[PDB]
Amino acid sequence: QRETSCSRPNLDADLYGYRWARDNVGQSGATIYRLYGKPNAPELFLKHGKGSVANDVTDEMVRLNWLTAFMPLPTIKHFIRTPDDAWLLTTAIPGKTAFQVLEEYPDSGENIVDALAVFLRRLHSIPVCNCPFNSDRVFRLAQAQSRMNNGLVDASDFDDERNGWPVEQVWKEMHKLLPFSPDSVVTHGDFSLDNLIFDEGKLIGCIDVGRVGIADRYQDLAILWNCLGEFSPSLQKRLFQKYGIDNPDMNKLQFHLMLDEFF
Ligand SMILES: NC[C@H]1O[C@H](O[C@H]2[C@H](O)[C@@H](O[C@H]3O[C@H](CO)[C@@H](O)[C@H](N)[C@H]3O)[C@H](N)C[C@@H]2N)[C@H](O)[C@@H](O)[C@@H]1O
Ligand SMILES: Cc1ccc(-c2nn(C(C)(C)C)c3ncnc(N)c23)cc1
Ligand code: NA
């Protein structure tokens, strides 16, 4: 059947009367706009990806859409995909990042880490049978290989212990840590202090979920542990203690930190 009846059925009016600011200025990836200062309307964020980055913004859109059923996330107001562009408009989660609150309230360090650990347990508790996204080490290693071969790796942003290493050395050394035992949980993928939002003293949500998928829990623990290393070894140790691991697996920890060097 081809019913063949002639019938017939955006982003412009969604943005009426907002002030525009351009955020996260010196960071890679999508251009980020903060929309604010419109009376009687919530703050919004608008991501714009061109070229390969449009795929990244598209990845984030579908992971927001899926994961919001389980966790507190920004809400998708509008998304557009054209052959070379992606625009993602979301509601802002009010508040400050974990990083911001740690700097502003140094004495709150322990409470902040406890909250991050509990939040991480909640995410990791989502049964994997719900998750349509694969983010496992095999998938991420292939992504890392392509980024290295495409010349995209930021070799000046390596951790201190790999400062000045050629990217190829990191690649080679990382492979010596394999194989290790399979563990699969729903992960965030970039669980840094920048991507967790606190408001009025409470952890109310996470952002930047474009790498969400099934992976080793150390994908999230490692990145966060690394961030806490800017502040104190005791906050790093407390993360694992609150999460409930007796003996942090230093091999998996090192593997996932090396892997994140490529991203
Ligand atoms: N290229 C884009 C990526 O840039 C950062 O990721 C990088 C980390 O920042 C680096 O680590 C440094 O910064 C940490 C705090 O972020 C510090 O604790 C750590 N001691 C520092 O060496 C790490 N070596 C590589 C990782 N790719 C962003 O987070 C990530 O979202 C973004 O996609
Ligand atoms: C100081 C600060 C605070 C928040 C954000 C932020 N970035 N982003 C993205 C980048 C995911 C759109 C957000 N998305 C939703 N809510 C947010 N609050 C943010 C950024 C910087
Ligand atoms: Na939600």
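All ligand and atom numbering here is 1-based and tracks the order in the structure. Counting begins at 1 with the first residue of the sequence.
- Close N/O approach between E261 and ligand 1 is found [any backbone or side-chain N/O within under 3.5 Å].
- Contact atoms of ligand 2 toward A92: 15 (C), 16 (N) (distance under 4.0 Å to a heavy atom of the residue).
- Atom 10 (C) of ligand 2 has its closest protein heavy atom at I32 CD1, 3.6 Å.
- Annotation: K50, atom NZ; neighbour count of heavy atoms from other residues, nucleotides and ligands within 6.0 Å is above 12.
- In summary, the side chains of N195 and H188 do not present any donor paired with an acceptor at a separation below 3.5 Å, with no hydrogens or angles considered.
- Scanning the protein heavy atoms around atom 19 (C) of ligand 2, the nearest turns out to be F45 CE1, 3.4 Å.
- Residue contacts with ligand 1: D190 is placed with a nitrogen or oxygen under 3.5 Å of a nitrogen or oxygen of the ligand (distance criterion only).
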inquiry  = Checking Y243 against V118 for the side chain to side chain contact (heavy atoms under 4.5 Å, CB included) test, could you report, in this order, the C-alpha distance in whole Å, the side-chain angles of both residues, the deciding distance, and whether it holds?
reply    = CA-CA 7 Å; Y243 187 90; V118 169; over 6 Å; no
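- Here the closest heavy-atom approach between residue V128 and residue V185 is recorded as CG1-CA, 3.9 Å.
- Within ligand 1, the atoms closer than 4.0 Å to a non-hydrogen atom of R211 are 33 (O), numbered from 1 in the order shown.
- Within the 4.0 angstrom cut-off, atom 7 (C) of ligand 1 has one or more protein heavy-atom neighbours.
- The two residues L73 and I93 come nearest to each other via the heavy atoms C-CD1, 4.0 Å.
- Contact detail for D183 and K252: the closest heavy-atom pair is CB-NZ, 3.9 Å.
- Atoms of ligand 1 lying under 4.0 Å from any heavy atom of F263, numbered from 1 in the order shown and given with element: 1 (N), 2 (C), 3 (C), 27 (N), 33 (O).
- Annotation for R81 and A86: closest pair CD-CB, 4.0 Å, computed over non-hydrogen atoms.
- Of the protein's non-hydrogen atoms, the one nearest atom 16 (O) of ligand 1 is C227 SG, 4.4 Å.
- Of the candidates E173, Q169, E261, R162 forms a side-chain hydrogen bond (donor to acceptor under 3.5 Å, both in side chains) with just one, namely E261.
- Using modelled atom types, no side-chain atom of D216 and backbone atom of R137 make a donor-acceptor pair closer than 3.5 Å.
- Residue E161 qualifies as enclosed at atom CD: its count of foreign heavy atoms under 6.0 Å is above 12.
- With a 6.0 Å radius and a threshold of 12 heavy atoms from other residues, nucleotides or ligands, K237 has its NZ atom at or below the threshold.
- Contact annotation: for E161 versus ligand 1, there are no heavy atoms closer than 4.0 Å.
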inquiry  = Applying ring-ring contact (aromatic ring centres under 6.0 Å, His included) to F262 and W171, what does each step give before you reach the verdict?
reply    = CA-CA 9 Å; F262 294 82; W171 178 253; 5.7 Å; yes
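- When only non-hydrogen protein atoms are considered, atom 9 (O) of ligand 1 lies nearest to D157 OD2, 3.9 Å.
- Nearest protein heavy-atom contact of atom 27 (N) of ligand 1 is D260 O, 2.8 Å.
- For atom 7 (N) of ligand 2, the nearest non-hydrogen atom of the protein is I207 CD1, 3.7 Å.
- Within the 3.0 Å limit, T75 places no N, O or S atom next to the Na ion (ligand 3).
- For ligand 1, none of its N or O atoms has an N or O atom of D160 under 3.5 Å away.
- Distances below 4.0 Å separate heavy atoms of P74 from the following atoms of ligand 2: 15 (C).
- A donor-acceptor contact closer than 3.5 angstrom links the side chains of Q143 and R140.
- Contacts with ligand 1 closer than 4.0 Å are made by backbone heavy atoms (N, CA, C, O) of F158 only, the side chain lying farther away.
- If you look at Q100 next to ligand 2, the close heavy atoms, those under 4.0 Å, all belong to the side chain.
- Inclusion of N195 in the set of residues having an N or O under 3.5 Å from an N or O of ligand 1 is not warranted.
- The part of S28 lying near ligand 1 is the side chain, judged by heavy-atom distances below 4.0 Å.
- Atom 1 (N) of ligand 1 is approached by the protein to below 4.0 angstrom, counting heavy atoms only.
- Partner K47 forms a side-chain contact (heavy atoms from CB on, under 4.5 Å) with one of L88, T90, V53 and no other, that one being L88.
- Among protein heavy atoms, the minimum distance from atom 21 (C) of ligand 2 is reached at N24 OD1, 4.2 Å.
- Side-chain contact check for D14 and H78: at least one donor-acceptor pair (N or O, by modelled atom type) lies under 3.5 Å.
- Nearest protein heavy-atom neighbour of atom 18 (O) of ligand 1: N226 O, 3.4 Å.
- For atom 18 (N) of ligand 2, the closest non-hydrogen atom on the protein side is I93 O, 2.9 Å.
- When hydrogens are left out, the protein atom nearest atom 28 (C) of ligand 1 is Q27 NE2, 3.9 Å; that is the closest non-hydrogen contact.
- Closest to atom 21 (C) of ligand 1, if we only count protein heavy atoms, is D159 OD1, 3.8 Å.
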